[PDB]
Amino acid sequence: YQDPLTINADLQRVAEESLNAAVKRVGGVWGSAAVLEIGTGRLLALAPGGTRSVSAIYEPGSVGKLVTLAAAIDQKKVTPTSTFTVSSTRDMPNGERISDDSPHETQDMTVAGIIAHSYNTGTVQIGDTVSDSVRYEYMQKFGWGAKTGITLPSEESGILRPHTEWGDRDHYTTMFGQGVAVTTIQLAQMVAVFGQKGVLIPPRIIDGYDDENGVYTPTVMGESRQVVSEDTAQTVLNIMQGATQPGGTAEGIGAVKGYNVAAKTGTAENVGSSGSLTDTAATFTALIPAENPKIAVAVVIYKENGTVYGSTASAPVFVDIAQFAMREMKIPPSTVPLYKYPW
Ligand SMILES: CC1(C)S[C@H]([C@@H](C=O)NC(=O)[C@H](N)c2ccc(O)cc2)N[C@H]1C(=O)O
């Protein structure tokens, strides 16, 4: 007997424990977390025990900025040190007003720092350097709007409306993960690209089988794709290491002692039972150790009639999971510094 599934039992336990505790700590309704082994697509942990991580869809928020960032970089429209002006609000060519989470002093900042702070006013300028059809194409390549094809029941495909349907609001909201709906597994599969030299590897819960007596491992199916170039992947991976740097959205709370973390936070309004934007999903997508990623993690906590933030709600779950996984996988602490671009 060989265990044919990919789940790590102890990691799964840590995942469920942390997630349950955080959903309660924060007064959420539910949560989800997915842990992928980098390079293999092997699913190390999936919480909760339902098919929630596979069937629940929500607007992911600013974790979706990674797609926008990767599109602009891959199309060679901006570099990590390209500067844009950030301000409390910004009025766009099309008449839309974009605002940052909280008012702050107007300043110039690099692309790297814009992502670290997650300034929407800076992000929309990064996104405007590329057309809607191109961004939409990168969204599909990243796996949005499609089932990941994992062999579990009830997987949802999510909602990615054709860009031909995007109005003036959508043009911008889709840049920061609003006006699209994803699953937690889609989030993990997506962030893993940046630790896989731009390659998306479809997630798997079933290893092979021995096939010594009876060939039971699937013929063919699978297939990974190059979403983004190797250089684009490395660059986003470098930029993501700004998350736990001072001023980064994940500072302190997303840090895993002794390991370099690459991360993005998100906080997105979601539609409540009432039919209005009463709810929020707090998201966190991460890669660790950043210098040479071994796992990709996505966490969502959902709260009805309230605000939860990716950093304060979801990052602590990532931390508990990542801390165990590094021991469990016997990964030594980071010997190189956390990457920093000028901001
Ligand atoms: C709260 C933020 C710093 S703003 C920005 C964006 C994407 O998630 N979120 C929003 O613009 C969202 N509409 C929102 C929700 C509640 C807020 O207080 C502010 C912004 N990234 C966030 C993050 O990193 O968690």
# chains A, B, ... in the order shown; residues from 1 in each chain; ligands from 1
>>> closest_atom_pairs(of="chain A", to="ligand 1", cutoff="10 Å", atoms="only C-alpha atoms and all ligand atoms", output="JSON lines")
{"residue": "A:59", "atom": "CA", "partner": "ligand 1", "partner_atom_place_in_ligand_line": "8 (O)", "distance": 9.5}
{"residue": "A:60", "atom": "CA", "partner": "ligand 1", "partner_atom_place_in_ligand_line": "8 (O)", "distance": 7.3}
{"residue": "A:61", "atom": "CA", "partner": "ligand 1", "partner_atom_place_in_ligand_line": "8 (O)", "distance": 3.9}
{"residue": "A:62", "atom": "CA", "partner": "ligand 1", "partner_atom_place_in_ligand_line": "8 (O)", "distance": 3.3}
{"residue": "A:63", "atom": "CA", "partner": "ligand 1", "partner_atom_place_in_ligand_line": "8 (O)", "distance": 6.5}
{"residue": "A:64", "atom": "CA", "partner": "ligand 1", "partner_atom_place_in_ligand_line": "7 (C)", "distance": 7.9}
{"residue": "A:65", "atom": "CA", "partner": "ligand 1", "partner_atom_place_in_ligand_line": "7 (C)", "distance": 7.7}
{"residue": "A:98", "atom": "CA", "partner": "ligand 1", "partner_atom_place_in_ligand_line": "11 (O)", "distance": 8.9}
{"residue": "A:99", "atom": "CA", "partner": "ligand 1", "partner_atom_place_in_ligand_line": "11 (O)", "distance": 7.5}
{"residue": "A:100", "atom": "CA", "partner": "ligand 1", "partner_atom_place_in_ligand_line": "4 (S)", "distance": 6.0}
{"residue": "A:101", "atom": "CA", "partner": "ligand 1", "partner_atom_place_in_ligand_line": "19 (C)", "distance": 3.7}
{"residue": "A:102", "atom": "CA", "partner": "ligand 1", "partner_atom_place_in_ligand_line": "19 (C)", "distance": 6.7}
{"residue": "A:115", "atom": "CA", "partner": "ligand 1", "partner_atom_place_in_ligand_line": "24 (O)", "distance": 8.7}
{"residue": "A:116", "atom": "CA", "partner": "ligand 1", "partner_atom_place_in_ligand_line": "24 (O)", "distance": 8.3}
{"residue": "A:117", "atom": "CA", "partner": "ligand 1", "partner_atom_place_in_ligand_line": "3 (C)", "distance": 6.5}
{"residue": "A:118", "atom": "CA", "partner": "ligand 1", "partner_atom_place_in_ligand_line": "21 (N)", "distance": 4.9}
{"residue": "A:119", "atom": "CA", "partner": "ligand 1", "partner_atom_place_in_ligand_line": "5 (C)", "distance": 6.3}
{"residue": "A:120", "atom": "CA", "partner": "ligand 1", "partner_atom_place_in_ligand_line": "5 (C)", "distance": 6.1}
{"residue": "A:121", "atom": "CA", "partner": "ligand 1", "partner_atom_place_in_ligand_line": "11 (O)", "distance": 9.6}
{"residue": "A:123", "atom": "CA", "partner": "ligand 1", "partner_atom_place_in_ligand_line": "5 (C)", "distance": 9.4}
{"residue": "A:173", "atom": "CA", "partner": "ligand 1", "partner_atom_place_in_ligand_line": "11 (O)", "distance": 8.8}
{"residue": "A:175", "atom": "CA", "partner": "ligand 1", "partner_atom_place_in_ligand_line": "7 (C)", "distance": 9.4}
{"residue": "A:176", "atom": "CA", "partner": "ligand 1", "partner_atom_place_in_ligand_line": "7 (C)", "distance": 5.6}
{"residue": "A:177", "atom": "CA", "partner": "ligand 1", "partner_atom_place_in_ligand_line": "7 (C)", "distance": 6.9}
{"residue": "A:178", "atom": "CA", "partner": "ligand 1", "partner_atom_place_in_ligand_line": "13 (N)", "distance": 8.0}
{"residue": "A:243", "atom": "CA", "partner": "ligand 1", "partner_atom_place_in_ligand_line": "24 (O)", "distance": 9.1}
{"residue": "A:248", "atom": "CA", "partner": "ligand 1", "partner_atom_place_in_ligand_line": "24 (O)", "distance": 8.8}
{"residue": "A:249", "atom": "CA", "partner": "ligand 1", "partner_atom_place_in_ligand_line": "24 (O)", "distance": 5.6}
{"residue": "A:250", "atom": "CA", "partner": "ligand 1", "partner_atom_place_in_ligand_line": "24 (O)", "distance": 7.9}
{"residue": "A:264", "atom": "CA", "partner": "ligand 1", "partner_atom_place_in_ligand_line": "24 (O)", "distance": 6.8}
{"residue": "A:265", "atom": "CA", "partner": "ligand 1", "partner_atom_place_in_ligand_line": "24 (O)", "distance": 4.2}
{"residue": "A:266", "atom": "CA", "partner": "ligand 1", "partner_atom_place_in_ligand_line": "8 (O)", "distance": 3.4}
{"residue": "A:267", "atom": "CA", "partner": "ligand 1", "partner_atom_place_in_ligand_line": "8 (O)", "distance": 3.9}
{"residue": "A:268", "atom": "CA", "partner": "ligand 1", "partner_atom_place_in_ligand_line": "12 (C)", "distance": 4.8}
{"residue": "A:269", "atom": "CA", "partner": "ligand 1", "partner_atom_place_in_ligand_line": "13 (N)", "distance": 6.0}
{"residue": "A:270", "atom": "CA", "partner": "ligand 1", "partner_atom_place_in_ligand_line": "13 (N)", "distance": 9.6}
{"residue": "A:279", "atom": "CA", "partner": "ligand 1", "partner_atom_place_in_ligand_line": "15 (C)", "distance": 9.9}
{"residue": "A:280", "atom": "CA", "partner": "ligand 1", "partner_atom_place_in_ligand_line": "15 (C)", "distance": 7.4}
{"residue": "A:281", "atom": "CA", "partner": "ligand 1", "partner_atom_place_in_ligand_line": "15 (C)", "distance": 9.0}
{"residue": "A:282", "atom": "CA", "partner": "ligand 1", "partner_atom_place_in_ligand_line": "25 (O)", "distance": 7.0}
{"residue": "A:283", "atom": "CA", "partner": "ligand 1", "partner_atom_place_in_ligand_line": "25 (O)", "distance": 7.4}
{"residue": "A:284", "atom": "CA", "partner": "ligand 1", "partner_atom_place_in_ligand_line": "25 (O)", "distance": 8.3}
{"residue": "A:306", "atom": "CA", "partner": "ligand 1", "partner_atom_place_in_ligand_line": "16 (C)", "distance": 9.6}
{"residue": "A:307", "atom": "CA", "partner": "ligand 1", "partner_atom_place_in_ligand_line": "16 (C)", "distance": 6.5}
{"residue": "A:308", "atom": "CA", "partner": "ligand 1", "partner_atom_place_in_ligand_line": "16 (C)", "distance": 7.8}
{"residue": "A:309", "atom": "CA", "partner": "ligand 1", "partner_atom_place_in_ligand_line": "25 (O)", "distance": 5.2}
{"residue": "A:310", "atom": "CA", "partner": "ligand 1", "partner_atom_place_in_ligand_line": "25 (O)", "distance": 4.7}
{"residue": "A:311", "atom": "CA", "partner": "ligand 1", "partner_atom_place_in_ligand_line": "25 (O)", "distance": 6.2}
{"residue": "A:312", "atom": "CA", "partner": "ligand 1", "partner_atom_place_in_ligand_line": "25 (O)", "distance": 8.8}
{"residue": "A:313", "atom": "CA", "partner": "ligand 1", "partner_atom_place_in_ligand_line": "25 (O)", "distance": 9.7}
{"residue": "A:314", "atom": "CA", "partner": "ligand 1", "partner_atom_place_in_ligand_line": "25 (O)", "distance": 9.8}
>>> write_last_selection(atoms="N, CA and C atoms", output="compact mmCIF listing (two decimals), in the first residue's frame")
# COMPACT_ATOMS: atom_id res chain seq x y z
N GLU A 59 -15.22 37.50 -5.25
CA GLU A 59 -14.31 38.49 -5.78
C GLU A 59 -13.07 38.55 -4.89
N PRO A 60 -11.89 38.26 -5.47
CA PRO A 60 -10.65 38.08 -4.70
C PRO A 60 -9.95 39.39 -4.28
N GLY A 61 -10.29 40.50 -4.92
CA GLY A 61 -9.63 41.77 -4.63
C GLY A 61 -8.19 41.80 -5.08
N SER A 62 -7.36 42.54 -4.35
CA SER A 62 -6.04 42.96 -4.84
C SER A 62 -5.00 41.90 -5.12
N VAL A 63 -5.25 40.67 -4.69
CA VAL A 63 -4.42 39.57 -5.14
C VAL A 63 -4.47 39.51 -6.66
N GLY A 64 -5.59 39.92 -7.25
CA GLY A 64 -5.74 40.05 -8.70
C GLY A 64 -4.84 41.08 -9.37
N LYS A 65 -4.28 42.01 -8.59
CA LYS A 65 -3.27 42.94 -9.12
C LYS A 65 -2.04 42.23 -9.68
N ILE A 98 -10.90 56.73 -9.13
CA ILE A 98 -10.29 55.64 -8.40
C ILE A 98 -9.75 56.19 -7.09
N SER A 99 -9.94 55.46 -6.00
CA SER A 99 -9.46 55.91 -4.71
C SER A 99 -8.66 54.83 -4.01
N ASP A 100 -7.66 55.25 -3.22
CA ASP A 100 -6.89 54.33 -2.37
C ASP A 100 -7.64 54.03 -1.08
N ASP A 101 -7.26 52.93 -0.41
CA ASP A 101 -7.97 52.42 0.77
C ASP A 101 -8.28 53.53 1.77
N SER A 102 -7.31 54.43 1.90
CA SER A 102 -7.28 55.43 2.92
C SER A 102 -6.56 56.64 2.32
N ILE A 115 2.79 48.29 -5.65
CA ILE A 115 2.29 46.95 -5.32
C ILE A 115 2.47 46.61 -3.83
N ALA A 116 3.63 46.91 -3.26
CA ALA A 116 3.84 46.70 -1.82
C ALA A 116 2.78 47.38 -0.93
N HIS A 117 2.45 48.62 -1.24
CA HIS A 117 1.41 49.36 -0.54
C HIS A 117 0.04 49.05 -1.03
N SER A 118 -0.04 48.38 -2.17
CA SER A 118 -1.30 48.12 -2.87
C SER A 118 -2.12 49.40 -3.13
N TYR A 119 -1.48 50.45 -3.64
CA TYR A 119 -2.19 51.69 -3.98
C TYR A 119 -2.96 51.52 -5.27
N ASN A 120 -4.28 51.62 -5.20
CA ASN A 120 -5.11 51.49 -6.40
C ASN A 120 -4.84 52.56 -7.45
N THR A 121 -4.57 53.78 -7.01
CA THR A 121 -4.32 54.90 -7.92
C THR A 121 -3.09 54.66 -8.78
N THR A 123 -1.95 51.44 -9.34
CA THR A 123 -2.22 50.19 -10.05
C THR A 123 -2.97 50.42 -11.36
N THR A 173 -11.96 48.14 -12.32
CA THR A 173 -12.13 47.23 -11.18
C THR A 173 -11.52 45.87 -11.43
N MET A 175 -8.86 45.30 -12.74
CA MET A 175 -7.42 45.42 -12.56
C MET A 175 -7.00 45.04 -11.15
N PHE A 176 -7.91 45.26 -10.20
CA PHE A 176 -7.65 44.91 -8.82
C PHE A 176 -8.62 43.89 -8.27
N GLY A 177 -8.91 42.87 -9.07
CA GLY A 177 -9.67 41.70 -8.62
C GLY A 177 -11.12 41.93 -8.23
N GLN A 178 -11.75 42.94 -8.80
CA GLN A 178 -13.17 43.15 -8.58
C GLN A 178 -13.90 43.08 -9.90
N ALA A 243 5.96 42.93 0.22
CA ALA A 243 4.79 42.78 1.11
C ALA A 243 5.12 42.85 2.60
N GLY A 248 4.93 47.75 3.55
CA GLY A 248 4.23 46.72 2.79
C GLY A 248 2.96 46.33 3.52
N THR A 249 1.91 45.97 2.78
CA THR A 249 0.61 45.64 3.39
C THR A 249 0.67 44.49 4.40
N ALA A 250 1.70 43.65 4.29
CA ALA A 250 1.76 42.44 5.08
C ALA A 250 2.84 42.52 6.15
N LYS A 264 0.88 38.77 -1.64
CA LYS A 264 -0.04 39.85 -1.96
C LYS A 264 -1.31 39.70 -1.11
N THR A 265 -1.77 40.81 -0.57
CA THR A 265 -3.01 40.86 0.20
C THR A 265 -4.14 41.34 -0.69
N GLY A 266 -5.37 41.07 -0.26
CA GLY A 266 -6.55 41.61 -0.90
C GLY A 266 -7.69 41.77 0.07
N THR A 267 -8.54 42.75 -0.21
CA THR A 267 -9.77 43.00 0.53
C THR A 267 -10.81 43.44 -0.49
N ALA A 268 -11.82 42.62 -0.72
CA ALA A 268 -12.77 42.92 -1.79
C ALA A 268 -14.18 42.88 -1.27
N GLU A 269 -14.96 43.89 -1.65
CA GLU A 269 -16.39 43.89 -1.39
C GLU A 269 -17.04 42.77 -2.18
N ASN A 270 -17.97 42.09 -1.53
CA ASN A 270 -18.74 41.05 -2.16
C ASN A 270 -20.21 41.32 -1.89
N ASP A 279 -20.74 42.61 2.01
CA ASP A 279 -19.76 41.62 2.45
C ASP A 279 -18.32 41.96 2.02
N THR A 280 -17.34 41.29 2.64
CA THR A 280 -15.94 41.35 2.18
C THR A 280 -15.26 39.99 2.24
N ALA A 281 -14.41 39.72 1.26
CA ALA A 281 -13.49 38.58 1.31
C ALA A 281 -12.09 39.11 1.54
N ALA A 282 -11.39 38.52 2.50
CA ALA A 282 -10.01 38.90 2.78
C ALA A 282 -9.10 37.81 2.26
N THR A 283 -8.25 38.15 1.30
CA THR A 283 -7.44 37.17 0.58
C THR A 283 -5.94 37.36 0.81
N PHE A 284 -5.19 36.27 0.68
CA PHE A 284 -3.75 36.30 0.85
C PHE A 284 -3.17 35.22 -0.05
N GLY A 306 -19.57 43.22 7.07
CA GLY A 306 -18.37 43.63 7.75
C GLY A 306 -17.16 43.66 6.85
N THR A 307 -16.05 44.15 7.41
CA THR A 307 -14.80 44.27 6.69
C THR A 307 -13.76 43.42 7.37
N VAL A 308 -13.19 42.51 6.60
CA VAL A 308 -11.96 41.82 6.98
C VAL A 308 -10.87 42.15 5.96
N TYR A 309 -9.65 42.33 6.43
CA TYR A 309 -8.54 42.67 5.55
C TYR A 309 -7.64 41.47 5.30
N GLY A 310 -7.16 41.33 4.08
CA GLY A 310 -6.24 40.24 3.75
C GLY A 310 -5.10 40.07 4.74
N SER A 311 -4.52 41.17 5.19
CA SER A 311 -3.39 41.11 6.10
C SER A 311 -3.77 40.71 7.53
N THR A 312 -4.79 41.34 8.10
CA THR A 312 -5.17 41.04 9.49
C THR A 312 -6.01 39.77 9.68
N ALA A 313 -6.83 39.42 8.69
CA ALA A 313 -7.60 38.18 8.73
C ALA A 313 -6.82 36.98 8.21
N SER A 314 -6.33 37.06 6.98
CA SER A 314 -5.82 35.88 6.28
C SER A 314 -4.33 35.58 6.42
>>> select_by_dssp(residues="region 193-296 of chain A", states="strand (DSSP E)", output="MDAnalysis selection string")
chainID A and resid 199:200 225:226 262:270 279:288 295:296
>>> select_by_dssp(residues="region 53-233 of chain A", states="alpha helix (DSSP H)", output="PyMOL selection string")
chain A and resi 53-55+65-74+111-117+120-128+132-141+168-173+184-192+230-233
>>> write_last_selection(atoms="C-alpha atoms", output="PDB file, in the first residue's frame")
ATOM      1  CA  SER A  53     -12.153  25.549  -1.586  1.00  0.00           C
ATOM      2  CA  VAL A  54     -13.237  24.268  -5.002  1.00  0.00           C
ATOM      3  CA  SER A  55     -16.877  25.422  -5.281  1.00  0.00           C
ATOM      4  CA  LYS A  65      -3.272  42.935  -9.123  1.00  0.00           C
ATOM      5  CA  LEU A  66      -0.624  40.253  -9.767  1.00  0.00           C
ATOM      6  CA  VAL A  67      -2.257  39.453 -13.106  1.00  0.00           C
ATOM      7  CA  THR A  68      -2.425  43.163 -13.989  1.00  0.00           C
ATOM      8  CA  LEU A  69       1.225  43.599 -12.966  1.00  0.00           C
ATOM      9  CA  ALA A  70       2.391  40.511 -14.846  1.00  0.00           C
ATOM     10  CA  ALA A  71       0.533  41.607 -18.020  1.00  0.00           C
ATOM     11  CA  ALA A  72       2.167  45.096 -17.970  1.00  0.00           C
ATOM     12  CA  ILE A  73       5.622  43.644 -17.243  1.00  0.00           C
ATOM     13  CA  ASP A  74       5.290  40.786 -19.715  1.00  0.00           C
ATOM     14  CA  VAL A 111       5.780  50.085  -9.522  1.00  0.00           C
ATOM     15  CA  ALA A 112       7.460  47.923  -6.863  1.00  0.00           C
ATOM     16  CA  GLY A 113       6.347  50.186  -4.009  1.00  0.00           C
ATOM     17  CA  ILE A 114       2.892  50.726  -5.518  1.00  0.00           C
ATOM     18  CA  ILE A 115       2.286  46.946  -5.324  1.00  0.00           C
ATOM     19  CA  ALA A 116       3.838  46.697  -1.822  1.00  0.00           C
ATOM     20  CA  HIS A 117       1.412  49.359  -0.535  1.00  0.00           C
ATOM     21  CA  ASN A 120      -5.114  51.493  -6.403  1.00  0.00           C
ATOM     22  CA  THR A 121      -4.323  54.905  -7.924  1.00  0.00           C
ATOM     23  CA  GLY A 122      -0.906  53.586  -8.947  1.00  0.00           C
ATOM     24  CA  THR A 123      -2.221  50.187 -10.052  1.00  0.00           C
ATOM     25  CA  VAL A 124      -4.751  51.559 -12.546  1.00  0.00           C
ATOM     26  CA  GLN A 125      -1.957  53.483 -14.296  1.00  0.00           C
ATOM     27  CA  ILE A 126       0.059  50.272 -14.557  1.00  0.00           C
ATOM     28  CA  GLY A 127      -3.034  48.567 -16.008  1.00  0.00           C
ATOM     29  CA  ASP A 128      -3.762  51.345 -18.522  1.00  0.00           C
ATOM     30  CA  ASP A 132      -8.381  45.174 -22.090  1.00  0.00           C
ATOM     31  CA  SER A 133      -8.240  42.269 -24.526  1.00  0.00           C
ATOM     32  CA  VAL A 134      -4.600  41.662 -23.592  1.00  0.00           C
ATOM     33  CA  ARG A 135      -5.300  41.768 -19.828  1.00  0.00           C
ATOM     34  CA  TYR A 136      -8.313  39.489 -20.319  1.00  0.00           C
ATOM     35  CA  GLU A 137      -6.133  37.045 -22.256  1.00  0.00           C
ATOM     36  CA  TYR A 138      -3.611  36.974 -19.378  1.00  0.00           C
ATOM     37  CA  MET A 139      -6.504  36.378 -16.975  1.00  0.00           C
ATOM     38  CA  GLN A 140      -7.461  33.270 -18.957  1.00  0.00           C
ATOM     39  CA  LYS A 141      -3.848  32.083 -19.227  1.00  0.00           C
ATOM     40  CA  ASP A 168     -16.057  52.043 -17.783  1.00  0.00           C
ATOM     41  CA  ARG A 169     -16.167  50.831 -14.157  1.00  0.00           C
ATOM     42  CA  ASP A 170     -15.168  47.280 -15.117  1.00  0.00           C
ATOM     43  CA  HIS A 171     -12.203  48.538 -17.080  1.00  0.00           C
ATOM     44  CA  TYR A 172     -10.603  49.525 -13.809  1.00  0.00           C
ATOM     45  CA  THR A 173     -12.125  47.228 -11.179  1.00  0.00           C
ATOM     46  CA  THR A 184      -9.369  29.459  -3.685  1.00  0.00           C
ATOM     47  CA  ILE A 185      -7.730  26.733  -5.813  1.00  0.00           C
ATOM     48  CA  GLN A 186      -7.664  29.120  -8.811  1.00  0.00           C
ATOM     49  CA  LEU A 187      -5.885  31.624  -6.555  1.00  0.00           C
ATOM     50  CA  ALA A 188      -3.234  29.092  -5.545  1.00  0.00           C
ATOM     51  CA  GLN A 189      -2.691  27.819  -9.074  1.00  0.00           C
ATOM     52  CA  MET A 190      -2.255  31.432 -10.222  1.00  0.00           C
ATOM     53  CA  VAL A 191       0.308  32.559  -7.617  1.00  0.00           C
ATOM     54  CA  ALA A 192       2.304  29.365  -8.157  1.00  0.00           C
ATOM     55  CA  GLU A 230      10.749  33.455 -16.971  1.00  0.00           C
ATOM     56  CA  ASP A 231      11.959  37.031 -16.509  1.00  0.00           C
ATOM     57  CA  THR A 232       8.465  38.352 -15.879  1.00  0.00           C
ATOM     58  CA  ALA A 233       7.950  35.613 -13.273  1.00  0.00           C
TER      59      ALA A 233
END
>>> closest_residue(among="A:246, A:50, A:198, A:179", to="residue 229 (chain A)", atoms="only C-alpha atoms")
A:198
>>> closest_residue(among="A:20, A:334, A:274, A:323", to="residue 256 (chain A)", atoms="only C-alpha atoms")
A:323
>>> residues_around(residues="residue 241 (chain A)", least_positions_apart="2", cutoff="10 Å", atoms="only C-alpha atoms", output="list in words")
residues 112, 116, 236, 237, 238, 239, 243, 244, 245, 248, 250, 260, 261, 262, 263, 264, 286, 287, 288, 290, 291, 338, 339, 340 and 341 of chain A
>>> write_last_selection(atoms="N, CA, C and O atoms", output="tab-separated table (two decimals), in the first residue's frame")
chain	number	residue	atom	x	y	z
A	112	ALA	N	7.18	48.79	-7.99
A	112	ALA	CA	7.46	47.92	-6.86
A	112	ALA	C	6.79	48.38	-5.58
A	112	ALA	O	6.14	47.57	-4.92
A	116	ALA	N	3.63	46.91	-3.26
A	116	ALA	CA	3.84	46.70	-1.82
A	116	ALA	C	2.78	47.38	-0.93
A	116	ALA	O	2.28	46.78	0.03
A	236	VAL	N	8.05	39.70	-10.89
A	236	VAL	CA	6.88	39.71	-10.01
A	236	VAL	C	7.24	39.10	-8.65
A	236	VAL	O	6.89	39.65	-7.59
A	237	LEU	N	7.96	37.97	-8.68
A	237	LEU	CA	8.46	37.33	-7.46
A	237	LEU	C	9.31	38.28	-6.62
A	237	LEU	O	9.18	38.28	-5.39
A	238	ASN	N	10.16	39.09	-7.26
A	238	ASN	CA	10.93	40.10	-6.53
A	238	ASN	C	10.03	41.16	-5.94
A	238	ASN	O	10.24	41.60	-4.82
A	239	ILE	N	9.04	41.59	-6.72
A	239	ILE	CA	8.14	42.68	-6.31
A	239	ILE	C	7.30	42.23	-5.12
A	239	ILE	O	7.06	43.01	-4.19
A	243	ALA	N	5.96	42.93	0.22
A	243	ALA	CA	4.79	42.78	1.11
A	243	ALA	C	5.12	42.85	2.60
A	243	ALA	O	4.39	43.50	3.35
A	244	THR	N	6.18	42.18	3.03
A	244	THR	CA	6.55	42.22	4.44
A	244	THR	C	7.63	43.26	4.75
A	244	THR	O	8.04	43.40	5.90
A	245	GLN	N	8.09	44.01	3.74
A	245	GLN	CA	9.01	45.14	3.97
A	245	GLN	C	8.27	46.26	4.69
A	245	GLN	O	7.05	46.31	4.60
A	248	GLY	N	4.93	47.75	3.55
A	248	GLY	CA	4.23	46.72	2.79
A	248	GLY	C	2.96	46.33	3.52
A	248	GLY	O	2.94	46.34	4.74
A	250	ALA	N	1.70	43.65	4.29
A	250	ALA	CA	1.76	42.44	5.08
A	250	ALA	C	2.84	42.52	6.15
A	250	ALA	O	3.23	41.50	6.72
A	260	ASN	N	12.21	34.13	3.76
A	260	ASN	CA	11.74	35.21	2.91
A	260	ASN	C	10.37	34.88	2.35
A	260	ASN	O	10.19	33.83	1.75
A	261	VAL	N	9.42	35.79	2.56
A	261	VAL	CA	8.07	35.64	2.04
A	261	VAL	C	7.76	36.56	0.84
A	261	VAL	O	8.09	37.75	0.84
A	262	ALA	N	7.12	35.99	-0.18
A	262	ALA	CA	6.59	36.75	-1.30
A	262	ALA	C	5.06	36.67	-1.20
A	262	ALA	O	4.51	35.59	-1.12
A	263	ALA	N	4.38	37.81	-1.16
A	263	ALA	CA	2.95	37.79	-0.88
A	263	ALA	C	2.19	38.95	-1.50
A	263	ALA	O	2.77	39.98	-1.85
A	264	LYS	N	0.88	38.77	-1.64
A	264	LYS	CA	-0.04	39.85	-1.96
A	264	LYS	C	-1.31	39.70	-1.11
A	264	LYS	O	-1.84	38.60	-0.94
A	286	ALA	N	0.57	33.63	-1.39
A	286	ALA	CA	1.98	33.70	-0.99
A	286	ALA	C	2.86	32.59	-1.55
A	286	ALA	O	2.38	31.55	-1.98
A	287	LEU	N	4.17	32.85	-1.57
A	287	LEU	CA	5.17	31.95	-2.07
A	287	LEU	C	6.30	31.96	-1.07
A	287	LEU	O	6.68	33.03	-0.62
A	288	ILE	N	6.82	30.79	-0.71
A	288	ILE	CA	7.85	30.72	0.34
A	288	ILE	C	8.71	29.44	0.17
A	288	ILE	O	8.18	28.38	-0.21
A	290	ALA	N	10.88	32.87	-0.61
A	290	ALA	CA	10.80	33.69	-1.83
A	290	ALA	C	11.99	33.51	-2.76
A	290	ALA	O	11.82	33.47	-3.97
A	291	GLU	N	13.19	33.38	-2.20
A	291	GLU	CA	14.38	33.14	-3.02
A	291	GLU	C	14.32	31.85	-3.84
A	291	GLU	O	15.02	31.72	-4.84
A	338	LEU	N	15.84	39.48	1.84
A	338	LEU	CA	14.56	39.68	1.22
A	338	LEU	C	14.77	40.73	0.13
A	338	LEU	O	15.31	41.80	0.40
A	339	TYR	N	14.40	40.40	-1.10
A	339	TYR	CA	14.54	41.34	-2.21
A	339	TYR	C	13.87	42.69	-1.96
A	339	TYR	O	12.75	42.75	-1.45
A	340	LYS	N	14.57	43.75	-2.34
A	340	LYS	CA	14.04	45.11	-2.23
A	340	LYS	C	14.33	45.90	-3.51
A	340	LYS	O	15.47	45.91	-3.98
A	341	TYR	N	13.30	46.50	-4.09
A	341	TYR	CA	13.48	47.49	-5.13
A	341	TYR	C	13.44	48.84	-4.45
A	341	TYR	O	12.88	48.96	-3.36
>>> atom_distance(atom1="CA of residue 224 (chain A)", atom2="CA of residue 46 (chain A)")
21.1 Å
>>> atom_distance(atom1="CA of residue 57 (chain A)", atom2="CA of residue 272 (chain A)")
13.0 Å
>>> closest_residue(among="A:40, A:32, A:131, A:151", to="residue 285 (chain A)", atoms="only C-alpha atoms")
A:32
>>> closest_residue(among="A:343, A:41, A:220, A:301", to="residue 318 (chain A)", atoms="only C-alpha atoms")
A:301
>>> closest_residue(among="A:165, A:16, A:108, A:37", to="residue 320 (chain A)", atoms="only C-alpha atoms")
A:16
>>> closest_residue(among="A:45, A:78, A:38, A:206", to="residue 295 (chain A)", atoms="only C-alpha atoms")
A:38
>>> residues_around(residues="region 326-331 of chain A", least_positions_apart="6", cutoff="9 Å", atoms="only C-alpha atoms", output="ChimeraX atom specification")
/A:10-11,259,288-289,294
>>> residues_around(residues="residue 158 (chain A)", least_positions_apart="6", cutoff="6 Å", atoms="only C-alpha atoms", output="compact mmCIF listing (two decimals) with N, CA and C atoms, in the first residue's frame")
# COMPACT_ATOMS: atom_id res chain seq x y z
N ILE A 57 -17.12 30.66 -4.91
CA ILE A 57 -16.56 31.71 -5.75
C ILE A 57 -16.76 33.05 -5.07
N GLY A 145 -11.84 31.93 -14.76
CA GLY A 145 -13.01 31.59 -15.56
C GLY A 145 -13.08 30.14 -16.01
N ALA A 181 -14.89 36.65 -10.44
CA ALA A 181 -15.06 35.72 -9.31
C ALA A 181 -14.17 34.50 -9.50
N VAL A 182 -13.41 34.18 -8.45
CA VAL A 182 -12.48 33.04 -8.45
C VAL A 182 -12.76 32.07 -7.30
>>> atom_distance(atom1="CA of residue 162 (chain A)", atom2="CA of residue 275 (chain A)")
22.9 Å
